[PDB]
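The structure under discussion appears below in the form of structure tokens.
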Amino acid sequence: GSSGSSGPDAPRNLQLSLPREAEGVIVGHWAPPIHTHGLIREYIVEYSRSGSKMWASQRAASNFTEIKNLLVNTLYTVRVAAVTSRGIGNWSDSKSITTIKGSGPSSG
């Protein structure tokens, strides 16, 4: 219900990055869980703007995903969770990453 016991079920080494060829996008990466109740069907990735009660979760075949449709120069919290035949398990150590507005030259 509410209680929670941190376990290996969830992934590790959560490192959020940004595509140098895509704006308002966040590439969340992680590692496989040390162990799992059963065969891992997939990995869900939930994200929400530091200032917004709206979390968006999506399915990811690999150990990473690409969260597009985001605001540049804005703190975004990402979190991955290992899914099993049953359902979603513990949530990985949520991480924060500040987006950027293009990684090009500076002219004005």
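We name chains A, B, ... following the order of the structure tokens; residues begin at 1 in each chain, and ligands are numbered from 1 as shown.
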
* Hey, what's within 8 Å of region 77-84 of chain A if we count only C-alpha atoms and toss same-chain stuff fewer than 3 positions away? As a count of residues only, please? -> 34

All strand (DSSP E) residues (DSSP, backbone) inside chain A, as a PDB file with N, CA, C and O atoms, in the first residue's frame:
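result.pdb written:
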ATOM      1  N   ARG A  12      19.814   0.324 -11.385  1.00  0.00           N
ATOM      2  CA  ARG A  12      20.811   1.096 -10.654  1.00  0.00           C
ATOM      3  C   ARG A  12      21.635   1.959 -11.607  1.00  0.00           C
ATOM      4  O   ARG A  12      21.579   1.783 -12.823  1.00  0.00           O
ATOM      5  N   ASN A  13      22.397   2.890 -11.044  1.00  0.00           N
ATOM      6  CA  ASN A  13      23.230   3.781 -11.843  1.00  0.00           C
ATOM      7  C   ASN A  13      22.376   4.639 -12.772  1.00  0.00           C
ATOM      8  O   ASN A  13      22.597   4.670 -13.984  1.00  0.00           O
ATOM      9  N   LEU A  14      21.401   5.332 -12.196  1.00  0.00           N
ATOM     10  CA  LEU A  14      20.513   6.192 -12.972  1.00  0.00           C
ATOM     11  C   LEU A  14      21.221   7.480 -13.379  1.00  0.00           C
ATOM     12  O   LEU A  14      21.466   8.353 -12.548  1.00  0.00           O
ATOM     13  N   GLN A  15      21.544   7.590 -14.664  1.00  0.00           N
ATOM     14  CA  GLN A  15      22.222   8.773 -15.181  1.00  0.00           C
ATOM     15  C   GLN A  15      21.417   9.412 -16.309  1.00  0.00           C
ATOM     16  O   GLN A  15      21.304   8.852 -17.400  1.00  0.00           O
ATOM     17  N   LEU A  16      20.861  10.588 -16.039  1.00  0.00           N
ATOM     18  CA  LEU A  16      20.066  11.304 -17.030  1.00  0.00           C
ATOM     19  C   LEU A  16      20.951  12.191 -17.900  1.00  0.00           C
ATOM     20  O   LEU A  16      21.754  12.973 -17.391  1.00  0.00           O
ATOM     21  N   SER A  17      20.797  12.065 -19.214  1.00  0.00           N
ATOM     22  CA  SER A  17      21.583  12.854 -20.155  1.00  0.00           C
ATOM     23  C   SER A  17      20.677  13.582 -21.143  1.00  0.00           C
ATOM     24  O   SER A  17      19.452  13.466 -21.083  1.00  0.00           O
ATOM     25  N   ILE A  26      15.323  14.343 -22.836  1.00  0.00           N
ATOM     26  CA  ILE A  26      16.171  13.788 -21.788  1.00  0.00           C
ATOM     27  C   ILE A  26      16.349  12.284 -21.961  1.00  0.00           C
ATOM     28  O   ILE A  26      15.376  11.529 -21.967  1.00  0.00           O
ATOM     29  N   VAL A  27      17.599  11.855 -22.103  1.00  0.00           N
ATOM     30  CA  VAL A  27      17.906  10.440 -22.274  1.00  0.00           C
ATOM     31  C   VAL A  27      18.287   9.795 -20.946  1.00  0.00           C
ATOM     32  O   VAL A  27      19.417   9.928 -20.481  1.00  0.00           O
ATOM     33  N   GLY A  28      17.333   9.094 -20.340  1.00  0.00           N
ATOM     34  CA  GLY A  28      17.589   8.438 -19.071  1.00  0.00           C
ATOM     35  C   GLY A  28      18.184   7.054 -19.243  1.00  0.00           C
ATOM     36  O   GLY A  28      17.641   6.223 -19.972  1.00  0.00           O
ATOM     37  N   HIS A  29      19.302   6.804 -18.571  1.00  0.00           N
ATOM     38  CA  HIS A  29      19.972   5.511 -18.653  1.00  0.00           C
ATOM     39  C   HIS A  29      20.109   4.882 -17.271  1.00  0.00           C
ATOM     40  O   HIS A  29      20.122   5.581 -16.257  1.00  0.00           O
ATOM     41  N   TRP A  30      20.210   3.558 -17.236  1.00  0.00           N
ATOM     42  CA  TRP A  30      20.345   2.834 -15.978  1.00  0.00           C
ATOM     43  C   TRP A  30      20.921   1.441 -16.210  1.00  0.00           C
ATOM     44  O   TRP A  30      21.250   1.076 -17.337  1.00  0.00           O
ATOM     45  N   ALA A  31      21.041   0.668 -15.136  1.00  0.00           N
ATOM     46  CA  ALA A  31      21.574  -0.685 -15.223  1.00  0.00           C
ATOM     47  C   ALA A  31      20.542  -1.714 -14.773  1.00  0.00           C
ATOM     48  O   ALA A  31      19.551  -1.388 -14.118  1.00  0.00           O
ATOM     49  N   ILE A  40      12.049 -10.292 -16.345  1.00  0.00           N
ATOM     50  CA  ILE A  40      11.706  -8.886 -16.519  1.00  0.00           C
ATOM     51  C   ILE A  40      11.059  -8.642 -17.878  1.00  0.00           C
ATOM     52  O   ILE A  40      11.689  -8.829 -18.920  1.00  0.00           O
ATOM     53  N   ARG A  41       9.798  -8.223 -17.861  1.00  0.00           N
ATOM     54  CA  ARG A  41       9.066  -7.954 -19.092  1.00  0.00           C
ATOM     55  C   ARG A  41       9.571  -6.677 -19.757  1.00  0.00           C
ATOM     56  O   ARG A  41       9.785  -6.640 -20.968  1.00  0.00           O
ATOM     57  N   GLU A  42       9.760  -5.633 -18.956  1.00  0.00           N
ATOM     58  CA  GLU A  42      10.240  -4.355 -19.468  1.00  0.00           C
ATOM     59  C   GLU A  42      10.590  -3.407 -18.324  1.00  0.00           C
ATOM     60  O   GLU A  42      10.488  -3.769 -17.151  1.00  0.00           O
ATOM     61  N   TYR A  43      11.003  -2.195 -18.674  1.00  0.00           N
ATOM     62  CA  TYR A  43      11.371  -1.196 -17.678  1.00  0.00           C
ATOM     63  C   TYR A  43      10.631   0.115 -17.922  1.00  0.00           C
ATOM     64  O   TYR A  43      10.739   0.713 -18.993  1.00  0.00           O
ATOM     65  N   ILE A  44       9.878   0.558 -16.919  1.00  0.00           N
ATOM     66  CA  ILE A  44       9.121   1.798 -17.023  1.00  0.00           C
ATOM     67  C   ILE A  44       9.954   2.990 -16.564  1.00  0.00           C
ATOM     68  O   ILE A  44      10.793   2.868 -15.672  1.00  0.00           O
ATOM     69  N   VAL A  45       9.714   4.145 -17.178  1.00  0.00           N
ATOM     70  CA  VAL A  45      10.439   5.361 -16.831  1.00  0.00           C
ATOM     71  C   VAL A  45       9.480   6.512 -16.552  1.00  0.00           C
ATOM     72  O   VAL A  45       8.833   7.028 -17.463  1.00  0.00           O
ATOM     73  N   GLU A  46       9.393   6.911 -15.286  1.00  0.00           N
ATOM     74  CA  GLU A  46       8.511   8.001 -14.888  1.00  0.00           C
ATOM     75  C   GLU A  46       9.294   9.303 -14.730  1.00  0.00           C
ATOM     76  O   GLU A  46      10.385   9.318 -14.160  1.00  0.00           O
ATOM     77  N   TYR A  47       8.727  10.391 -15.239  1.00  0.00           N
ATOM     78  CA  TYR A  47       9.372  11.697 -15.157  1.00  0.00           C
ATOM     79  C   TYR A  47       8.347  12.794 -14.888  1.00  0.00           C
ATOM     80  O   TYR A  47       7.189  12.690 -15.291  1.00  0.00           O
ATOM     81  N   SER A  48       8.783  13.846 -14.202  1.00  0.00           N
ATOM     82  CA  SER A  48       7.904  14.962 -13.875  1.00  0.00           C
ATOM     83  C   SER A  48       8.712  16.224 -13.590  1.00  0.00           C
ATOM     84  O   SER A  48       9.768  16.170 -12.959  1.00  0.00           O
ATOM     85  N   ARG A  49       8.208  17.361 -14.060  1.00  0.00           N
ATOM     86  CA  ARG A  49       8.882  18.638 -13.858  1.00  0.00           C
ATOM     87  C   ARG A  49       8.909  19.010 -12.379  1.00  0.00           C
ATOM     88  O   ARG A  49       7.883  18.969 -11.700  1.00  0.00           O
ATOM     89  N   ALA A  56       4.801  11.316 -16.195  1.00  0.00           N
ATOM     90  CA  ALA A  56       4.581  10.565 -17.425  1.00  0.00           C
ATOM     91  C   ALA A  56       5.441   9.306 -17.461  1.00  0.00           C
ATOM     92  O   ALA A  56       6.670   9.381 -17.424  1.00  0.00           O
ATOM     93  N   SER A  57       4.789   8.151 -17.534  1.00  0.00           N
ATOM     94  CA  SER A  57       5.494   6.875 -17.570  1.00  0.00           C
ATOM     95  C   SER A  57       5.402   6.243 -18.956  1.00  0.00           C
ATOM     96  O   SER A  57       4.370   6.328 -19.621  1.00  0.00           O
ATOM     97  N   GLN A  58       6.490   5.610 -19.384  1.00  0.00           N
ATOM     98  CA  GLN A  58       6.533   4.965 -20.691  1.00  0.00           C
ATOM     99  C   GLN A  58       7.329   3.664 -20.629  1.00  0.00           C
ATOM    100  O   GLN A  58       8.169   3.481 -19.748  1.00  0.00           O
ATOM    101  N   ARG A  59       7.058   2.767 -21.571  1.00  0.00           N
ATOM    102  CA  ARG A  59       7.748   1.483 -21.623  1.00  0.00           C
ATOM    103  C   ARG A  59       9.064   1.604 -22.386  1.00  0.00           C
ATOM    104  O   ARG A  59       9.154   2.327 -23.377  1.00  0.00           O
ATOM    105  N   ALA A  60      10.082   0.890 -21.915  1.00  0.00           N
ATOM    106  CA  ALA A  60      11.393   0.916 -22.553  1.00  0.00           C
ATOM    107  C   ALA A  60      11.959  -0.492 -22.701  1.00  0.00           C
ATOM    108  O   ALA A  60      12.104  -1.218 -21.718  1.00  0.00           O
ATOM    109  N   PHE A  64      17.404   2.113 -21.197  1.00  0.00           N
ATOM    110  CA  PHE A  64      17.356   3.566 -21.316  1.00  0.00           C
ATOM    111  C   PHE A  64      16.187   4.001 -22.194  1.00  0.00           C
ATOM    112  O   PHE A  64      15.617   3.198 -22.934  1.00  0.00           O
ATOM    113  N   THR A  65      15.833   5.281 -22.107  1.00  0.00           N
ATOM    114  CA  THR A  65      14.731   5.824 -22.891  1.00  0.00           C
ATOM    115  C   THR A  65      15.010   7.264 -23.306  1.00  0.00           C
ATOM    116  O   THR A  65      16.029   7.842 -22.930  1.00  0.00           O
ATOM    117  N   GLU A  66      14.098   7.838 -24.085  1.00  0.00           N
ATOM    118  CA  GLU A  66      14.248   9.212 -24.550  1.00  0.00           C
ATOM    119  C   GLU A  66      12.990  10.025 -24.259  1.00  0.00           C
ATOM    120  O   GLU A  66      11.995   9.928 -24.978  1.00  0.00           O
ATOM    121  N   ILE A  67      13.042  10.825 -23.199  1.00  0.00           N
ATOM    122  CA  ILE A  67      11.909  11.655 -22.813  1.00  0.00           C
ATOM    123  C   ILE A  67      11.906  12.973 -23.579  1.00  0.00           C
ATOM    124  O   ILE A  67      12.628  13.907 -23.234  1.00  0.00           O
ATOM    125  N   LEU A  75      14.722  21.822 -14.557  1.00  0.00           N
ATOM    126  CA  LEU A  75      15.017  20.627 -13.773  1.00  0.00           C
ATOM    127  C   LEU A  75      13.947  19.561 -13.985  1.00  0.00           C
ATOM    128  O   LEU A  75      12.759  19.809 -13.779  1.00  0.00           O
ATOM    129  N   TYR A  76      14.376  18.373 -14.394  1.00  0.00           N
ATOM    130  CA  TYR A  76      13.456  17.268 -14.633  1.00  0.00           C
ATOM    131  C   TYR A  76      13.860  16.038 -13.825  1.00  0.00           C
ATOM    132  O   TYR A  76      15.001  15.579 -13.896  1.00  0.00           O
ATOM    133  N   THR A  77      12.914  15.507 -13.056  1.00  0.00           N
ATOM    134  CA  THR A  77      13.170  14.331 -12.233  1.00  0.00           C
ATOM    135  C   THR A  77      12.781  13.052 -12.967  1.00  0.00           C
ATOM    136  O   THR A  77      11.639  12.895 -13.399  1.00  0.00           O
ATOM    137  N   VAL A  78      13.738  12.140 -13.103  1.00  0.00           N
ATOM    138  CA  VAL A  78      13.495  10.873 -13.783  1.00  0.00           C
ATOM    139  C   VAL A  78      13.668   9.696 -12.830  1.00  0.00           C
ATOM    140  O   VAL A  78      14.459   9.757 -11.888  1.00  0.00           O
ATOM    141  N   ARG A  79      12.924   8.623 -13.080  1.00  0.00           N
ATOM    142  CA  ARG A  79      12.996   7.431 -12.244  1.00  0.00           C
ATOM    143  C   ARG A  79      12.580   6.191 -13.030  1.00  0.00           C
ATOM    144  O   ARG A  79      11.556   6.189 -13.712  1.00  0.00           O
ATOM    145  N   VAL A  80      13.384   5.137 -12.930  1.00  0.00           N
ATOM    146  CA  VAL A  80      13.100   3.890 -13.630  1.00  0.00           C
ATOM    147  C   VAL A  80      12.674   2.797 -12.656  1.00  0.00           C
ATOM    148  O   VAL A  80      13.108   2.774 -11.504  1.00  0.00           O
ATOM    149  N   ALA A  81      11.821   1.893 -13.125  1.00  0.00           N
ATOM    150  CA  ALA A  81      11.338   0.796 -12.297  1.00  0.00           C
ATOM    151  C   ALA A  81      11.291  -0.509 -13.085  1.00  0.00           C
ATOM    152  O   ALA A  81      10.857  -0.535 -14.237  1.00  0.00           O
ATOM    153  N   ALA A  82      11.744  -1.590 -12.459  1.00  0.00           N
ATOM    154  CA  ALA A  82      11.754  -2.898 -13.101  1.00  0.00           C
ATOM    155  C   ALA A  82      10.375  -3.548 -13.044  1.00  0.00           C
ATOM    156  O   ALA A  82       9.803  -3.717 -11.967  1.00  0.00           O
ATOM    157  N   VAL A  83       9.848  -3.910 -14.208  1.00  0.00           N
ATOM    158  CA  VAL A  83       8.536  -4.542 -14.290  1.00  0.00           C
ATOM    159  C   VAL A  83       8.662  -6.057 -14.406  1.00  0.00           C
ATOM    160  O   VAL A  83       9.559  -6.566 -15.079  1.00  0.00           O
ATOM    161  N   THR A  84       7.757  -6.773 -13.748  1.00  0.00           N
ATOM    162  CA  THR A  84       7.767  -8.230 -13.776  1.00  0.00           C
ATOM    163  C   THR A  84       6.389  -8.782 -14.126  1.00  0.00           C
ATOM    164  O   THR A  84       5.387  -8.072 -14.048  1.00  0.00           O
ATOM    165  N   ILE A  88       4.772  -3.574 -11.574  1.00  0.00           N
ATOM    166  CA  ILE A  88       5.901  -2.694 -11.298  1.00  0.00           C
ATOM    167  C   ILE A  88       6.378  -2.844  -9.858  1.00  0.00           C
ATOM    168  O   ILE A  88       5.573  -2.930  -8.932  1.00  0.00           O
ATOM    169  N   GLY A  89       7.695  -2.875  -9.678  1.00  0.00           N
ATOM    170  CA  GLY A  89       8.257  -3.015  -8.346  1.00  0.00           C
ATOM    171  C   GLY A  89       8.790  -1.704  -7.802  1.00  0.00           C
ATOM    172  O   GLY A  89       8.390  -0.630  -8.249  1.00  0.00           O
ATOM    173  N   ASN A  90       9.697  -1.792  -6.834  1.00  0.00           N
ATOM    174  CA  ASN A  90      10.284  -0.604  -6.227  1.00  0.00           C
ATOM    175  C   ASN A  90      10.771   0.369  -7.295  1.00  0.00           C
ATOM    176  O   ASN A  90      11.072  -0.029  -8.421  1.00  0.00           O
ATOM    177  N   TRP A  91      10.847   1.645  -6.935  1.00  0.00           N
ATOM    178  CA  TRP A  91      11.299   2.676  -7.864  1.00  0.00           C
ATOM    179  C   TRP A  91      12.773   2.997  -7.645  1.00  0.00           C
ATOM    180  O   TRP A  91      13.219   3.166  -6.510  1.00  0.00           O
ATOM    181  N   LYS A  95      16.404  10.586  -9.850  1.00  0.00           N
ATOM    182  CA  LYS A  95      17.494  11.526 -10.085  1.00  0.00           C
ATOM    183  C   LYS A  95      16.980  12.801 -10.743  1.00  0.00           C
ATOM    184  O   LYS A  95      15.904  12.812 -11.342  1.00  0.00           O
ATOM    185  N   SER A  96      17.755  13.875 -10.630  1.00  0.00           N
ATOM    186  CA  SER A  96      17.378  15.157 -11.212  1.00  0.00           C
ATOM    187  C   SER A  96      18.417  15.621 -12.226  1.00  0.00           C
ATOM    188  O   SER A  96      19.619  15.433 -12.030  1.00  0.00           O
ATOM    189  N   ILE A  97      17.947  16.227 -13.311  1.00  0.00           N
ATOM    190  CA  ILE A  97      18.837  16.720 -14.357  1.00  0.00           C
ATOM    191  C   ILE A  97      18.278  17.982 -15.005  1.00  0.00           C
ATOM    192  O   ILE A  97      17.112  18.026 -15.401  1.00  0.00           O
ATOM    193  N   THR A  98      19.117  19.007 -15.114  1.00  0.00           N
ATOM    194  CA  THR A  98      18.707  20.270 -15.714  1.00  0.00           C
ATOM    195  C   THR A  98      18.924  20.256 -17.224  1.00  0.00           C
ATOM    196  O   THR A  98      20.043  20.058 -17.700  1.00  0.00           O
TER     197      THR A  98
END

* At what distance in Å, to one decimal, does CA of residue 106 (chain A) lie from CA of residue 68 (chain A)? -> 23.6 Å

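In this structure, CA of residue 100 (chain A) sits 7.9 Å away from CA of residue 18 (chain A).
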
* Leaving out residue 23 (chain A) and any residue of its chain fewer than 4 positions from it, which residues lie within 10 Å of it when counting only C-alpha atoms, given as an NGL selection string? -> :A and (18-19 or 68-72 or 99-103)

With N, CA, C and O atoms retained, export the selected residues as a PDB file, in the first residue's frame.
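The new file again10.pdb reads:
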ATOM      1  N   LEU A  18      21.287  14.332 -22.053  1.00  0.00           N
ATOM      2  CA  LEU A  18      20.537  15.081 -23.056  1.00  0.00           C
ATOM      3  C   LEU A  18      21.160  14.914 -24.439  1.00  0.00           C
ATOM      4  O   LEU A  18      22.379  14.967 -24.608  1.00  0.00           O
ATOM      5  N   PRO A  19      20.306  14.710 -25.452  1.00  0.00           N
ATOM      6  CA  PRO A  19      20.750  14.535 -26.839  1.00  0.00           C
ATOM      7  C   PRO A  19      21.306  15.822 -27.436  1.00  0.00           C
ATOM      8  O   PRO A  19      20.668  16.874 -27.371  1.00  0.00           O
ATOM      9  N   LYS A  68      11.085  13.042 -24.622  1.00  0.00           N
ATOM     10  CA  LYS A  68      10.983  14.246 -25.438  1.00  0.00           C
ATOM     11  C   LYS A  68       9.819  15.119 -24.979  1.00  0.00           C
ATOM     12  O   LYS A  68       9.117  14.781 -24.028  1.00  0.00           O
ATOM     13  N   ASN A  69       9.621  16.240 -25.662  1.00  0.00           N
ATOM     14  CA  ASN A  69       8.541  17.161 -25.325  1.00  0.00           C
ATOM     15  C   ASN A  69       8.763  17.777 -23.946  1.00  0.00           C
ATOM     16  O   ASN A  69       7.835  17.879 -23.143  1.00  0.00           O
ATOM     17  N   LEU A  70       9.998  18.186 -23.679  1.00  0.00           N
ATOM     18  CA  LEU A  70      10.342  18.792 -22.398  1.00  0.00           C
ATOM     19  C   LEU A  70      10.780  20.242 -22.582  1.00  0.00           C
ATOM     20  O   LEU A  70      11.039  20.686 -23.701  1.00  0.00           O
ATOM     21  N   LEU A  71      10.864  20.974 -21.476  1.00  0.00           N
ATOM     22  CA  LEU A  71      11.274  22.374 -21.515  1.00  0.00           C
ATOM     23  C   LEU A  71      12.772  22.510 -21.265  1.00  0.00           C
ATOM     24  O   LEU A  71      13.314  21.912 -20.335  1.00  0.00           O
ATOM     25  N   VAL A  72      13.436  23.302 -22.101  1.00  0.00           N
ATOM     26  CA  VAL A  72      14.871  23.520 -21.970  1.00  0.00           C
ATOM     27  C   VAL A  72      15.193  24.323 -20.714  1.00  0.00           C
ATOM     28  O   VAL A  72      14.361  25.085 -20.222  1.00  0.00           O
ATOM     29  N   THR A  99      17.847  20.469 -17.974  1.00  0.00           N
ATOM     30  CA  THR A  99      17.920  20.481 -19.429  1.00  0.00           C
ATOM     31  C   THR A  99      18.681  21.702 -19.932  1.00  0.00           C
ATOM     32  O   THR A  99      19.056  22.575 -19.150  1.00  0.00           O
ATOM     33  N   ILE A 100      18.904  21.756 -21.241  1.00  0.00           N
ATOM     34  CA  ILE A 100      19.618  22.873 -21.847  1.00  0.00           C
ATOM     35  C   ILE A 100      18.913  23.356 -23.110  1.00  0.00           C
ATOM     36  O   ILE A 100      18.094  22.642 -23.689  1.00  0.00           O
ATOM     37  N   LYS A 101      19.238  24.573 -23.533  1.00  0.00           N
ATOM     38  CA  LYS A 101      18.640  25.153 -24.730  1.00  0.00           C
ATOM     39  C   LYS A 101      19.616  25.115 -25.900  1.00  0.00           C
ATOM     40  O   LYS A 101      20.182  26.139 -26.283  1.00  0.00           O
ATOM     41  N   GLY A 102      19.810  23.928 -26.467  1.00  0.00           N
ATOM     42  CA  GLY A 102      20.718  23.781 -27.589  1.00  0.00           C
ATOM     43  C   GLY A 102      22.173  23.853 -27.171  1.00  0.00           C
ATOM     44  O   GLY A 102      22.553  24.705 -26.367  1.00  0.00           O
ATOM     45  N   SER A 103      22.990  22.957 -27.716  1.00  0.00           N
ATOM     46  CA  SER A 103      24.410  22.920 -27.390  1.00  0.00           C
ATOM     47  C   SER A 103      25.247  23.466 -28.543  1.00  0.00           C
ATOM     48  O   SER A 103      26.272  22.894 -28.907  1.00  0.00           O
TER      49      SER A 103
END

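Note that CA of residue 86 (chain A) and CA of residue 5 (chain A) are 17.2 Å apart.
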